[PDB]
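> fold the following for me, if possible:
(one chain, ligands or ions: 1)
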Amino acid sequence: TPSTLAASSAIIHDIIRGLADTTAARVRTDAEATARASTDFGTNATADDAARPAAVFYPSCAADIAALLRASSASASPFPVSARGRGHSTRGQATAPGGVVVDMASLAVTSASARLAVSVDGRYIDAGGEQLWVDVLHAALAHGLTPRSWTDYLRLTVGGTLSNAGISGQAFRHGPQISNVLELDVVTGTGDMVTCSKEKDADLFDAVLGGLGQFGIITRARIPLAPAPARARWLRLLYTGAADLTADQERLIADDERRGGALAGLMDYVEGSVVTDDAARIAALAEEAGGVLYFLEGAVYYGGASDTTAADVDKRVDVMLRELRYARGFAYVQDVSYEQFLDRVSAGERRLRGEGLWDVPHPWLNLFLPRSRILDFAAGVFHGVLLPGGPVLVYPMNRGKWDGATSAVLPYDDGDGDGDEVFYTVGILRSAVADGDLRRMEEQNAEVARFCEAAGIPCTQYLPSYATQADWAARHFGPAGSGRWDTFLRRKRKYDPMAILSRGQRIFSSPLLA
Ligand SMILES: *Cc1cc2c(cc1C)nc1c(=O)[nH]c(=O)nc-1n2C[C@H](O)[C@H](O)[C@H](O)COP(=O)(O)OP(=O)(O)OC[C@H]1O[C@@H](n2cnc3c(N)ncnc32)[C@H](O)[C@@H]1O
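Residues are numbered from 1 along each chain as shown. Take a look at the structure below.
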């Protein structure tokens, strides 16, 4: 009987004003709050008028979020509700156009002891979903402990990265952040608060991990901790080609116990990058190579509560500088604290902000591709599409460190069994600075995607963005397993049947049919 027409701001405001009256949660409907909640890292505009929510909700308790989700799901025309972490998304993933954005930071009333509780005996930290990874790090280090898996950039929320995967140079060893969670407190789209883990409501736990915010809002994540090292020996090695870079990265990320190899188990972190556009020396070698150079980045942790000593580090660096195929005379080694290494990108952000180059559009593209096609991709993209800004990252990870039961999508089919253990990530992290940059960079991104589809390179987007369910099903979830899309829909029907959660992800726009 009720109309399917989208609930108006009038109906939404009446429901949420009721919530502001019956809970300690606060509501803002003013243009300043809604303009901020309409944008993300993808744009630098004051407001994205199309993405503007009807209101911003400032929860005091996870129960306020539960009341909001229940109120929307049970109403005549359910309204969109989206959690916002730091809005580091670039394609509107945290927007709730004509709906309600949940300011997750409000739960911390962002660093707060109550939201970052360390259990020394249990070797875990109970972190609020809104908490930043930098604050999780400092809270753990105060007890000589550390999370095992990171993102390169630490000013991201626990709930935000866990809804994607959370990748960095440690993922080859300990898996992404989603592989390093003991339990979660989740507020489902239906408005229930469920504590879940591999032992209880595993279906919700696995759905939420890499789940693009489709099943519920993470209000707490219990993160396991390892003994913390004190320092890190940090290497940056130049390479003249993709072949030796990738071959060496694979040697470094090899599983020491199972596969082995001379360079296995030496590095605690392995990344790489492409430079398309001591400065005069690098520029001279660039012309000789053909305009494109590569970097291998590594780190060996030592000291503190680690088993690796400063003497062990010298021995490992000696092995790596002898065995690696980097360009001789282009090896850069630095010694930093463990915290300085993990928080390294902060110096980059500070520098960019100071030059007015941070608050600019970010037409980013992140991909996962099989090891078998990395050289074909390098030839067509790094030596083609992207041939002359921002960094271009390239590095391998180990599939075995990822749990296939979660929502996360890798470039493998579940039914193909144990194929290639190694896959690559490519991060095209450019900033639109000059006039015409945005249109040019967005077209180059679309061109990378069209080039892969045409060359038959299986390509999976990390932080995916598709407009149709046909693309989500056949291009994204489908090549990952015959039951992946059916599993995603089954979980959606169970946890968010009205499809109100994170509609900015563009998977669902309307309640699921019978
Ligand atoms: C901006 C940026 C992003 C980034 C990065 C560096 C920068 C400068 N480096 C990364 C890295 O090294 N490794 C990696 O895995 N990701 C990296 N990113 C991307 C980043 O992970 C994503 O942008 C991610 O979304 C985390 O950002 P944030 O915490 O800001 O989250 P969001 O953009 O607001 O929301 C993302 C989606 O998740 C939903 N959401 C938000 N909070 C929750 C909670 N608590 N529970 C459930 N869902 C939640 C949003 O609705 C949205 O769909």
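> and residue 42, what does it touch?
Contact analysis of residue 42 by CB atoms under 8 Å, 6 or more residues apart in numbering lists 89, 90, 91, 92, 361, 362, 363, 364. Backbone N, C-alpha and C define where each C-beta goes, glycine included.
> my read: residue 38 touches residue 51, true?
Yes: using CB atoms under 8 Å, residue 38 makes contact with residue 51 at a distance of 4.3 Å.
> what touches both of the two?
Shared contacts of residue 38 and residue 51, defined by CB under 8 Å, 6+ apart, comprise 95, 97.
> please say which of these two ends up with more neighbours.
Set residue 38 next to residue 51 and count neighbours by other CB atoms under 10 Å: residue 38 wins out with 25 against 21.
> in space, what's closest to residue 441 - neighbours in sequence excluded?
Distances taken as CB to CB, 6 or more residues apart in numbering put residue 363 closest to residue 441, at 4.4 Å, once the chain neighbours are dropped.
> which SS class is the one you found?
Secondary structure of residue 363, reduced to three states by DSSP: H, G, I helix; E, B strand; the rest coil: coil.
> now do it against the ligand, distance only.
Distance from residue 363 to the ligand, counting by CB to the nearest ligand atom, to the nearest Å: 12 Å.
> can you name the residues that contact that residue?
By CB under 8 Å, 6+ apart, residue 363 lies in contact with 42, 90, 430, 432, 438, 441, 442, 445.
> return the closest of those residues with respect to the ligand.
Ranked by distance to the ligand (CB to the nearest ligand atom), those are led by residue 90 at 7.0 Å.
> what's the neighbour count on the closest one?
Residues near residue 90, counting by other CB under 10 Å: 19.
> from residue 302, how far out is it?
From residue 90 over to residue 302 the distance is 36 Å, taken as CB to CB, to the nearest Å.
> pipe the contacts of residue 42 into CSV and attach distance to residue 329 per row.
Compiled in CSV, these are given as follows (distance: CB to CB, whole Å):
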residue, distance to residue 329
89, 41
90, 38
91, 42
92, 46
361, 38
362, 35
363, 36
364, 33
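> ok so, going back, what's the ChimeraX line that selects buried ones from the contacts of residue 363?
What follows is the ChimeraX syntax for the buried subset of the contacts of residue 363, where burial is set by 16 or more other CB atoms under 10 Å:
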select :42,90,430,432,438,441,445
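> what residues are up against the residue of the stretch 1-150 of the chain found nearest the ligand?
Using CB to the nearest ligand atom, the closest approach of the stretch 1-150 of the chain to the ligand is made by residue 85 at 2.7 Å. Counting by CB under 8 Å, 6+ apart, residue 85 touches 94, 104, 129, 130, 156, 157, 159, 160.
> could you see whether the ligand lies near stretch 51-62?
No: Stretch 51-62 lies out of reach of the ligand by CB under 6 Å from any ligand atom, never closer than 10.1 Å.
> and if you look at stretch 297-315?
No: using CB under 6 Å from any ligand atom, we find that stretch 297-315 stays clear of the ligand, coming within 12.5 Å at best.
> quick one: contacts of that stretch?
Residues from elsewhere that reach stretch 297-315 (CB under 8 Å, 6+ apart): 144-145, 169, 227-237, 252, 266-273, 316-317, 320, 338, 341.
> tell me which of these fall in strands.
Per DSSP state E, strands hold the following members of the contacts of stretch 297-315: 145, 227, 231-237, 269-273.
> buried subset of those?
Buried by 16+ other CB under 10 Å: 145, 231-237, 269-273, out of these.
> mind putting those in CSV, distance to the ligand included?
Output for these, formatted as CSV (distance: CB to the nearest ligand atom, whole Å):
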residue, distance to the ligand
145, 22
231, 22
232, 17
233, 21
234, 16
235, 19
236, 17
237, 20
269, 12
270, 14
271, 9
272, 13
273, 12
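> using CSV, write down the CA coordinates of stretch 498-511.
Provided in CSV are the C-alpha atoms of stretch 498-511 (Å, rounded to 0.1, in the frame of the first residue of the first chain):
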residue,chain,number,x,y,z
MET,A,498,15.6,-2.4,2.8
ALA,A,499,19.1,-1.7,1.2
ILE,A,500,19.4,1.5,3.2
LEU,A,501,23.2,1.1,3.9
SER,A,502,25.9,2.9,2.0
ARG,A,503,23.8,3.5,-1.2
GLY,A,504,26.8,5.6,-2.4
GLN,A,505,28.5,2.2,-3.2
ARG,A,506,25.8,1.9,-6.0
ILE,A,507,25.2,-1.8,-5.5
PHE,A,508,21.6,-1.4,-4.3
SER,A,509,19.2,1.6,-4.7
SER,A,510,16.0,0.0,-3.5
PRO,A,511,14.7,-2.7,-1.1
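> point out the residues in the chain that sit beside the ligand.
Counting by CB under 6 Å from any ligand atom, the chain sits next to the ligand at 41, 82-89, 93-94, 104, 129, 151-153, 156-157, 159-161, 163-168, 212-213, 217-218, 463, 502, 505.
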